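Presented as structure tokens, the chain that follows is alone, the form deposited in one PDB entry.
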């Protein structure tokens, strides 16, 4: 299922609607504690979906994502496609944006470690919020190489991370006319998706108890250890689980 989000006239509601639609395009056979469990894997012809993003100036880029883990493989702007420099993207290039006659291989893979190095900035130094997304779209639309890395980090957190965590969704969506620097509470959630997903799956057959704790940071910068599905992050935050079979 194709989905989309328009910055022109965007509101907290319209962003919520978009995130809601993004989550819906992700297939799942089961749910654990009402949280959809993503597929272990899918055939190339079902593995990808597109996210059409339109900035204020009405310029649009299509972002390709792997629906089993919500990872961005690359994006398309007009007749040019852009793929991350990694095996995942190379594989996706065989299925998406195949009519784009210009194919560009970005100089980095899509993980934070690589991107932060290319950007010379870590996530916490990069503003988020709808206006941030607009600007990121612009730099990707015209491919402003020296700013693409940070822009991609804005794109990832505004889509992938937002889909995974309702909290991140709230924070980014509330920032309609201004931006903000992401808290460690947000970064913490982003860094712990695999772990939380794994522990919740184990918990489903381990009396609701985690095998290993997951440490997060709350809004007061204190470390909070998660050990069971009664934790708030499990009850009222995490909106998708990465399959144990799929990293």
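Positions refer to the first chain, counted from 1.
FYI, the form solved in complex with a small molecule isn't displayed, but the following is about it.
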Inset, instruction - Could you spot which one of 140, 149, 163, 156 gets a heavy atom to within 4.5 Å of the small molecule in the bound PDB entry? - result: 156
Inset, instruction - Verify the contact flag for residue 129: yes if a non-hydrogen atom of it lies within 4.5 Å of a non-hydrogen atom of the small molecule in the bound PDB entry, no if not. - result: no
Inset, instruction - Answer for residue 84 alone: is it within 4.5 Å of the small molecule in the bound PDB entry, judged on heavy atom distances? - result: yes
Inset, instruction - Spell out, yes or no, whether the shortest heavy atom distance between residue 95 and the small molecule in the bound PDB entry is within 4.5 Å. - result: no
Inset, instruction - May I ask you to state whether residue 173 is within 4.5 Å of the small molecule in the bound PDB entry, using heavy atom distances? - result: no
Inset, instruction - Counting only non-hydrogen atoms, choose the one of 32 to 40, 216 to 224, 63 to 71, 49 to 57 that falls within 4.5 Å of the small molecule in the bound PDB entry. - result: 63 to 71
